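Okay, so here's just one chain, in structure tokens, the form deposited in one PDB entry.
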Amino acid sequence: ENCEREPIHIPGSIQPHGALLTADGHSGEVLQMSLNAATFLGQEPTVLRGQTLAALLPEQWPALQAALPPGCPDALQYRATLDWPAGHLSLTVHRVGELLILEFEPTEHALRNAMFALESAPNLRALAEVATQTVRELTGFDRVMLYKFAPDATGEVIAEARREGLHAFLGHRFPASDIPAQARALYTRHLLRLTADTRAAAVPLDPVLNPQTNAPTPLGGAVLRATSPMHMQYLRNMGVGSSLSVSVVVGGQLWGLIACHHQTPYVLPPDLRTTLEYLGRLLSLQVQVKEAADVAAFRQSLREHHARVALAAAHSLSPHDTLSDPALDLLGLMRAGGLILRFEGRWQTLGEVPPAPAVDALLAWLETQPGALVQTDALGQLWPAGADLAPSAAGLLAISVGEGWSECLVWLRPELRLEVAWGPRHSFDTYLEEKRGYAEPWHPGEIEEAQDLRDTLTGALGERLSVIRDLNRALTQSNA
């Protein structure tokens, strides 16, 4: 119930497969330190506590402070490899406030070929398939998926690269409840996340509170962050050991999220994580290319039909006489059953349309809607009173030429029934309850041609204005 208010940013504990130290970003005096760090680094904790970073790491300090000035964001990272008698470790540092955060992990042509493979993917399906195929090759994970977040905050499993002897997760959809808001904010900032074990116990820090502020330490930028005790339980019921997610951020929005699950507890080398980090950058880029090609190809086919409607609405002195002529046919362009044409006051219908008292109720609903365009494939969801009028009007596309919904075109698609079918299964049942009655979902190539008719009709709303005044001016001349 109150699982959306849990502070994920402040666990106060780390994952037991490395070491963590946080120290003041001016003095270098060691403040906070995990319990395990004494055994890991192979030094007495009394020595480490109250020691400068100029003493412990005497060569890395004049490089650490240079690359990390006070003022830089807590997204900037600095990696280094150093040798210790206790073998050679991995050092990863960053800066929060005036506190340097040190991370320690034990360390020990495929990328270039993958790059060109992604750049020469024909569509978004093939890009998704290849990306997942590459990840499974380099890492050697069992299951590797790719969610795509719908603008109603629901994930959709579009691709998979699985091991033989496991059921497919393809086509799976999960609600907004599983990924809360505070998690989504953190995943927009920090692109990588790693969980080596799900049944392992968290290692606390000593002392827990940062004496600089007397406040808990924010460890959002840390890879060794202990994961939620609810998300672990979720993966325990399925029986999943390792989890690695790489977030896809497009235009400052969380596009999608690769998830790499494993049956057995697994710890990945930090040399291969960097390769994945690179792939995350490459997959955020190419998605913006492939989805741009998905619409541009779709529009190209219908453009011959589109140009006849656009040029006729360009010199539209009559909105009724030209935009109702069957030689244009506005139903076939958008693949819809019904069309409503409301101009000047008179409402005109074309094709299969709901009854007249319901029409005047539908146009009353669109006026109350603040948006310029109304896009819905289920009108029963948005408008509860107009759910019985689905047989003729299930999917709706409405544009207001001008503003105020005085002059508007409405597209109506026929009714089609949809039923969802497949602990992930109790999350699946919440998605099952939401959907009842739907229609054919709107293609984004159609939306771009729908809003291109808006720009040529409203441009004619100015040419129409001129001659109307002229008719008034000539009338007054005849009156005088």
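Residue positions are given as counts along the sequence shown, with the first one as 1. Each form is matched to the other, and the largest set of C-alpha atoms that superpose within 1.5 Å is called the rigid core.
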Do any residues of the deposited sequence lie unmodelled between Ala86 and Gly87, and which range holds their number: none, 1 to 3, 4 to 9, or 10 or more? 1 to 3
For the step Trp422 to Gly423, what size class fits the number of deposited residues with no coordinates, none, 1 to 3, 4 to 9, or 10 or more? 10 or more
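Beyond the structure shown, there is the form deposited in another entry, which is absent from this document and is the topic of what follows.
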With the core superposed, a Cα shift of 2 Å or more between this form and the one not shown singles out one residue among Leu35, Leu432, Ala63, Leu48. Which one is it? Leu432
Just to spell it out: taking the C-alpha atom of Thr430 and the C-alpha atom of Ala161, is that distance smaller or larger in the other form than in the structure shown here, given it changes by 3 Å or more? closer
Quick one: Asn237 and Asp429 C-alpha atoms, closer or farther in the other form compared with this form (3 angstroms or more)? closer
